[PDB]
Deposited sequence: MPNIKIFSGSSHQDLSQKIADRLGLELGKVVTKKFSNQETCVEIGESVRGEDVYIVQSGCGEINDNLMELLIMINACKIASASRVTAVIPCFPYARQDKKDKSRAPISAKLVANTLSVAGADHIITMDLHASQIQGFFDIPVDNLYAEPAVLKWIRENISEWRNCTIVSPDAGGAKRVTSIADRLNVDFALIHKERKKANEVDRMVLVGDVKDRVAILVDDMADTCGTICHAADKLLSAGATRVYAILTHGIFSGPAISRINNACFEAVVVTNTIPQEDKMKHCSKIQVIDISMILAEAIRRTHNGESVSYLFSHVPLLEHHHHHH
């Protein structure tokens, strides 16, 4: 009844998930035309099946999105019983409001495209904004890396009991206070004005910058300096989504981080070869278990505070 498919050929995460569920990834004949159009053919019947499409870790966001939409459509019109999009890193998630400008809410457009392509269910991890669940009328399960983060901290940072959890911006406050409260430690916040201001005590403590994602790493790198100047003993960065585009890998190599921790929601293997500071938390088990629970009608909510 269960059927798992991958996007593109960045199948590492997809294969890890399929492995954990005891399944082979479904056959897809999936190539890009000479004119950059993606052609897809589902190589097996999906009729009456519970289909899960895991979005590729390829960097080109528009290619990845279109491929996903196309595969959703193909499965729907081939009479799949249900089609679930498994989207570890939600595309255009940072474009979720107008911010006083004549801007698109591109995340709402993305949710609309997934809905009209025929998605019945979304599984995602750490949406940049939780309100994005409201952009759909279909159910969304928004998984958290938090339990895996708390675990990583307790086992890797000796001074975790006396550390400060630090938000790199104003929008991350609720997220760091939540980790701070669970660990029973302090929190601090950095706000960029072309200067950063820090509120909260980090003096003579380990500082852990926690964000949902880092892209060019300009922010986390400057925040690390700022934290050291404020007297933090050393600085960690823990992000769920490691985009690391453009100059990021250069910035990290030169930055005063003790370690930069990311999940494998985005493929990190190439980036790790050029950046020794990077460590990866595997989230394939969380994703596999959410898929398993979804299919069985069991509680996905268990995964919100517990690591499977």
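Engineer: So which bits of the deposited chain never got modelled?
Structural biologist: Model skips 1-2, 196-202, 318-326 of the deposited chain.
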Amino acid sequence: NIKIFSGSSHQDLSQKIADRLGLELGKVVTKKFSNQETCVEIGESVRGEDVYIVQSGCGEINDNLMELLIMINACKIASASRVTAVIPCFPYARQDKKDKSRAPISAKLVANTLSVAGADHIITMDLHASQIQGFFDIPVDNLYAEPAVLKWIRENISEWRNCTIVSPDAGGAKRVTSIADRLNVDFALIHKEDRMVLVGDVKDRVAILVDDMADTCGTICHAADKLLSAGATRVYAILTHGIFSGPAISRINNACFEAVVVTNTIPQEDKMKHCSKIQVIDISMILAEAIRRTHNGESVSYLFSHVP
From here on, numbers count along this sequence of modelled residues.
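Engineer: Taking the mean of the C-alpha B-factors per stretch from the entry, tell me the winner out of 77-85 and 205-213.
Structural biologist: For C-alpha atoms only, the mean B-factor is higher in 205-213.
Engineer: Mean CA B-factor: is it higher for 106-114 or for 91-99?
Structural biologist: Between 106-114 and 91-99, it is 91-99.
Engineer: If I read the C-alpha B-factors straight from the PDB entry, which of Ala173, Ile165, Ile138, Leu150 is highest?
Structural biologist: Among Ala173, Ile165, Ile138, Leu150, the highest C-alpha B-factor in the entry belongs to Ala173.
Engineer: Among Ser45, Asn253, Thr263, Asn62, which residue carries the highest C-alpha B-factor recorded in the PDB entry?
Structural biologist: Answer for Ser45, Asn253, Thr263, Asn62: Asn253, with the highest C-alpha B-factor.
Engineer: Looking at the temperature factor on the CA atom of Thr219, which third of the chain's modelled residues does it land in?
Structural biologist: As the PDB entry reports it, the C-alpha B-factor of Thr219 lands in the highest third of its chain.
Engineer: Give the position of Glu146 by CA B-factor within its chain, expressed as the lowest, middle or highest third.
Structural biologist: Middle third of the chain for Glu146's C-alpha B-factor.
Engineer: Please say which third, lowest, middle or highest, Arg154 falls into when its CA temperature factor is compared across its chain.
Structural biologist: Its C-alpha B-factor, which the entry lists for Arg154, ranks in the middle third among residues of this chain.
Engineer: Hey, what third does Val29 fall into on Cα B-factor, ranked over its chain?
Structural biologist: According to the entry, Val29 has a C-alpha B-factor in the chain's highest third.
Engineer: Lowest, middle or highest third of the chain for the C-alpha temperature factor of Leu13?
Structural biologist: For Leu13, the deposited C-alpha B-factor lands in the middle third.
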